[PDB]
>>> print(open('model07.cif').read())   # mmCIF, C-alpha atoms and all ligand atoms
data_start
#
loop_
_atom_site.label_atom_id
_atom_site.label_comp_id
_atom_site.auth_asym_id
_atom_site.auth_seq_id
_atom_site.Cartn_x
_atom_site.Cartn_y
_atom_site.Cartn_z
CA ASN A 5 -36.59 66.48 88.57
CA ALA A 6 -37.59 70.13 88.74
CA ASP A 7 -36.00 72.67 86.42
CA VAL A 8 -35.81 75.23 89.24
CA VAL A 9 -36.00 74.85 93.01
CA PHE A 10 -37.01 77.56 95.50
CA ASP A 11 -35.46 77.48 98.97
CA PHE A 12 -37.68 79.28 101.49
CA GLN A 13 -34.96 78.60 104.13
CA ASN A 14 -35.58 77.76 107.80
CA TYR A 15 -36.00 80.13 110.72
CA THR A 16 -36.31 80.21 114.47
CA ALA A 17 -38.65 82.58 116.30
CA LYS A 18 -40.51 83.25 119.52
CA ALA A 19 -44.12 84.30 119.81
CA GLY A 20 -44.46 88.02 119.02
CA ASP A 21 -41.48 88.13 116.57
CA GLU A 22 -41.48 89.19 112.93
CA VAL A 23 -39.55 86.83 110.67
CA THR A 24 -37.98 88.09 107.44
CA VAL A 25 -38.27 85.27 104.92
CA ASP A 26 -35.81 85.49 102.01
CA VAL A 27 -36.91 83.13 99.24
CA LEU A 28 -33.89 81.91 97.23
CA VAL A 29 -33.90 80.11 93.87
CA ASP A 30 -31.56 77.65 92.21
CA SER A 31 -32.08 77.59 88.43
CA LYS A 32 -28.81 75.74 87.73
CA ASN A 33 -27.68 79.02 86.12
CA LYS A 34 -30.54 78.99 83.60
CA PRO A 35 -32.05 82.41 82.77
CA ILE A 36 -35.62 83.31 83.83
CA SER A 37 -37.89 85.87 82.09
CA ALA A 38 -40.61 86.34 84.72
CA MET A 39 -42.35 84.90 87.77
CA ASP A 40 -46.02 85.01 88.85
CA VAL A 41 -46.72 83.35 92.23
CA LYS A 42 -48.87 83.22 95.38
CA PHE A 43 -47.73 82.58 98.99
CA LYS A 44 -49.15 81.21 102.25
CA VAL A 45 -48.02 80.51 105.81
CA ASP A 46 -49.51 78.16 108.38
CA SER A 47 -52.00 79.73 110.78
CA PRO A 48 -51.82 81.62 113.08
CA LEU A 49 -48.78 83.28 111.41
CA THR A 50 -49.51 85.94 108.77
CA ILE A 51 -47.62 87.37 105.79
CA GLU A 52 -47.90 91.11 106.59
CA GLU A 53 -46.04 92.41 103.51
CA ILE A 54 -44.37 91.21 100.31
CA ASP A 55 -41.32 93.38 99.56
CA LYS A 56 -41.56 95.35 96.30
CA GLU A 57 -37.97 94.63 95.30
CA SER A 58 -36.46 91.40 93.93
CA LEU A 59 -32.76 91.50 94.77
CA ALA A 60 -31.96 88.40 92.69
CA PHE A 61 -33.21 90.20 89.54
CA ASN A 62 -32.86 93.93 90.43
CA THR A 63 -36.46 94.63 89.53
CA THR A 64 -39.75 95.80 91.06
CA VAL A 65 -42.21 93.19 92.27
CA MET A 66 -45.91 93.97 91.72
CA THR A 67 -48.00 92.67 94.60
CA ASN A 68 -51.60 92.03 95.58
CA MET A 69 -51.68 91.57 99.31
CA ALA A 70 -55.36 90.45 99.28
CA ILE A 71 -54.34 87.17 97.57
CA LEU A 72 -50.67 87.20 98.70
CA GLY A 73 -49.71 87.41 95.01
CA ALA A 74 -46.51 88.72 93.46
CA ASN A 75 -45.04 88.95 89.97
CA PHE A 76 -42.25 90.56 87.97
CA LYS A 77 -40.32 90.48 84.71
CA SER A 78 -36.60 89.77 84.90
CA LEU A 79 -34.82 91.13 81.81
CA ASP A 80 -31.61 93.05 81.16
CA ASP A 81 -31.57 96.43 79.46
CA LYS A 82 -31.70 94.73 75.99
CA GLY A 83 -34.59 92.45 76.94
CA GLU A 84 -32.59 89.28 77.64
CA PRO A 85 -33.86 86.97 80.42
CA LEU A 86 -31.67 87.15 83.56
CA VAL A 87 -29.79 84.49 85.50
CA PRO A 88 -30.69 85.10 89.18
CA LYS A 89 -27.89 86.54 91.35
CA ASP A 90 -26.44 83.74 93.45
CA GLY A 91 -27.35 84.06 97.14
CA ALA A 92 -29.80 86.92 96.63
CA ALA A 93 -33.46 86.94 97.68
CA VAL A 94 -35.88 86.53 94.77
CA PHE A 95 -38.72 87.52 97.10
CA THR A 96 -38.70 88.84 100.66
CA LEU A 97 -41.73 88.23 102.91
CA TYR A 98 -42.37 89.76 106.34
CA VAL A 99 -44.13 87.23 108.59
CA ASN A 100 -45.81 88.03 111.92
CA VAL A 101 -45.85 85.43 114.71
CA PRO A 102 -48.68 86.39 117.13
CA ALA A 103 -47.95 86.65 120.84
CA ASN A 104 -50.23 83.68 121.61
CA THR A 105 -48.77 81.31 118.96
CA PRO A 106 -48.34 77.81 120.46
CA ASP A 107 -44.90 76.20 120.23
CA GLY A 108 -44.65 74.42 116.91
CA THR A 109 -43.30 74.45 113.37
CA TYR A 110 -45.14 76.64 110.86
CA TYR A 111 -44.37 76.50 107.15
CA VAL A 112 -44.18 79.32 104.60
CA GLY A 113 -44.48 78.31 100.92
CA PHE A 114 -46.35 78.74 97.68
CA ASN A 115 -50.18 78.66 97.53
CA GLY A 116 -51.11 76.88 94.30
CA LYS A 117 -49.40 79.25 91.88
CA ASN A 118 -45.68 79.28 91.27
CA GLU A 119 -45.08 80.20 87.62
CA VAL A 120 -41.50 80.61 86.36
CA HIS A 121 -41.34 81.66 82.70
CA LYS A 122 -38.49 80.88 80.32
CA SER A 123 -38.99 83.31 77.50
CA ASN A 124 -41.70 85.37 75.75
CA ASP A 125 -43.93 82.56 74.37
CA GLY A 126 -45.71 81.13 77.44
CA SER A 127 -43.10 78.40 78.00
CA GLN A 128 -42.43 77.63 81.68
CA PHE A 129 -39.95 75.78 83.82
CA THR A 130 -41.02 73.00 86.17
CA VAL A 131 -40.80 74.09 89.79
CA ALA A 132 -40.12 72.59 93.22
CA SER A 133 -39.75 74.15 96.65
CA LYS A 134 -38.06 73.19 99.91
CA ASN A 135 -37.65 74.28 103.54
CA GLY A 136 -39.77 77.21 104.86
CA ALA A 137 -39.91 75.88 108.45
CA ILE A 138 -40.48 78.61 111.05
CA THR A 139 -39.82 76.87 114.38
CA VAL A 140 -41.56 78.84 117.14
CA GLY A 141 -40.38 78.14 120.75
CA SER B 23 -62.30 90.74 60.50
CA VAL B 24 -60.59 88.49 63.04
CA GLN B 25 -61.67 89.21 66.62
CA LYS B 26 -58.82 90.46 68.80
CA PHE B 27 -57.77 88.83 72.07
CA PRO B 28 -56.92 91.67 74.46
CA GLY B 29 -53.78 90.88 76.47
CA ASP B 30 -52.49 88.09 74.18
CA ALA B 31 -49.36 89.88 72.88
CA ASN B 32 -47.59 86.66 71.96
CA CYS B 33 -50.67 85.04 70.30
CA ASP B 34 -50.40 81.76 72.27
CA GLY B 35 -54.13 81.76 73.19
CA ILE B 36 -53.82 82.72 76.89
CA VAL B 37 -53.05 85.99 78.74
CA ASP B 38 -50.19 85.60 81.22
CA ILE B 39 -46.95 87.23 82.27
CA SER B 40 -45.07 86.01 79.11
CA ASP B 41 -47.22 88.60 77.26
CA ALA B 42 -45.76 91.34 79.47
CA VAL B 43 -42.24 89.96 78.79
CA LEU B 44 -42.75 90.17 75.00
CA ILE B 45 -44.02 93.74 75.24
CA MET B 46 -40.94 94.81 77.20
CA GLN B 47 -38.54 92.97 74.86
CA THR B 48 -39.99 94.56 71.72
CA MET B 49 -39.16 98.02 73.13
CA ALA B 50 -35.78 97.02 74.55
CA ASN B 51 -34.47 95.46 71.34
CA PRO B 52 -36.87 95.89 68.39
CA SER B 53 -34.30 94.42 65.98
CA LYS B 54 -34.51 91.06 67.80
CA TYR B 55 -38.04 90.96 69.23
CA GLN B 56 -41.28 91.76 67.40
CA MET B 57 -44.99 91.27 67.82
CA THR B 58 -47.15 90.17 64.88
CA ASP B 59 -49.78 92.63 63.63
CA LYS B 60 -52.42 90.72 65.66
CA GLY B 61 -50.15 90.56 68.70
CA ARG B 62 -49.62 94.30 68.64
CA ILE B 63 -53.36 94.91 68.47
CA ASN B 64 -53.84 92.47 71.37
CA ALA B 65 -51.09 94.11 73.44
CA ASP B 66 -52.69 97.56 73.70
CA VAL B 67 -54.80 97.02 76.82
CA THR B 68 -54.75 100.42 78.58
CA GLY B 69 -54.24 104.05 77.71
CA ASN B 70 -57.25 104.54 75.39
CA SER B 71 -55.81 103.02 72.22
CA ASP B 72 -52.60 105.03 72.55
CA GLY B 73 -50.38 102.19 71.29
CA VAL B 74 -48.13 99.76 73.14
CA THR B 75 -46.04 101.05 76.03
CA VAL B 76 -44.64 99.74 79.33
CA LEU B 77 -47.99 100.59 80.90
CA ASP B 78 -49.54 97.78 78.81
CA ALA B 79 -47.03 95.31 80.23
CA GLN B 80 -47.76 96.53 83.76
CA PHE B 81 -51.54 96.26 83.10
CA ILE B 82 -51.08 92.61 82.12
CA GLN B 83 -49.13 92.07 85.37
CA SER B 84 -52.11 93.67 87.24
CA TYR B 85 -54.49 91.38 85.40
CA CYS B 86 -52.40 88.32 86.42
CA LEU B 87 -52.81 89.53 90.05
CA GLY B 88 -56.59 89.81 89.80
CA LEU B 89 -56.61 93.62 90.08
CA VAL B 90 -58.02 94.71 86.67
CA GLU B 91 -60.15 93.48 83.78
CA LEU B 92 -59.04 93.34 80.14
CA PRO B 93 -60.78 95.72 77.70
CA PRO B 94 -63.58 94.61 75.34
CA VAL B 95 -63.14 92.24 72.44
CA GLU B 96 -63.63 93.77 69.00
CA CA C 1 -50.20 84.99 75.56
CA CA C 2 -51.49 101.31 75.58
#
>>> encode(input="model07.cif", output="structure tokens", more="lines below")
Ligand SMILES: [Ca+2]
Ligand SMILES: [Ca+2]
Amino acid sequence: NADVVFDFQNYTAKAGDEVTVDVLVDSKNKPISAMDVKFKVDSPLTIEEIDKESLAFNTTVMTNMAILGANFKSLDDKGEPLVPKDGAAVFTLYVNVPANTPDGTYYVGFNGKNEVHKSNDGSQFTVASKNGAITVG
Amino acid sequence: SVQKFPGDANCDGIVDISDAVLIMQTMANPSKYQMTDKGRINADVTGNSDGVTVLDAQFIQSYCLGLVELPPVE
């Protein structure tokens, strides 16, 4: 069973809407030192922007929109890895639903990179994800 | 001489965001967190051999995102 589980949450939209996706995490109150991830969404939806703040960790997220990549370090003022703030977005994504999107369910999630680091030595947690359904009607 | 491995602050044989974490920690609490002599050499990746600062940690983050290249091995 995964050490930490991301909840992309579920959303409803109509064609033409922007959806704000708040990605939550449950680490079972374990601390996390850093994340380095990539995102995707089912076509024809697009991720238009990755927010540069992580509310769960009160830190700046570095992004590369060309690969939908994002990373950060999550340490307190003495360098200790942080427990994520319960209920707070770890990442926020802004998703565009084009005007001509057919009715359907379109998933947002990770795209083959989802690193969650434990410490300072390369050790990582195992990771799972759930939800991320954007139901367009 | 032993060839350096630019980016590999923690000397685990790969460059990834844990290297940025170690850099930050060594400045936040030097009593608790240190780099080895090799790690410190490895960690200075930008700034023209100015020493290790937060900009080195950020450069490793950029590298993990595909935005920059690490400096030459010596
Ligand atoms: Ca390393
Ligand atoms: Ca430097």
>>> interface_residues(input="model07.cif", of="chain A", to="chain B", cutoff="10 Å", atoms="all atoms listed in the file", output="count of residues only")
37
>>> closest_residue(input="model07.cif", among="B:24, B:95, B:74, B:82", to="ligand CA 1 (chain C)", atoms="only C-alpha atoms and all ligand atoms")
B:82
>>> residues_near_ligand(input="model07.cif", ligand="ligand CA 2 (chain C)", cutoff="10 Å", atoms="all atoms listed in the file", output="ChimeraX atom specification")
/B:63,65-79,81
>>> atom_distance(input="model07.cif", atom1="atom CA of ligand CA 1 (chain C)", atom2="CA of residue 61 in chain A")
22.6 Å
>>> residues_around(input="model07.cif", residues="residue 5 in chain A", least_positions_apart="3", cutoff="10 Å", atoms="all atoms listed in the file", output="ChimeraX atom specification")
/A:8-9,130-132
>>> atom_distance(input="model07.cif", atom1="CA of residue 19 in chain A", atom2="CA of residue 106 in chain A")
7.8 Å
>>> atom_distance(input="model07.cif", atom1="CA of residue 23 in chain B", atom2="CA of residue 57 in chain B")
18.8 Å
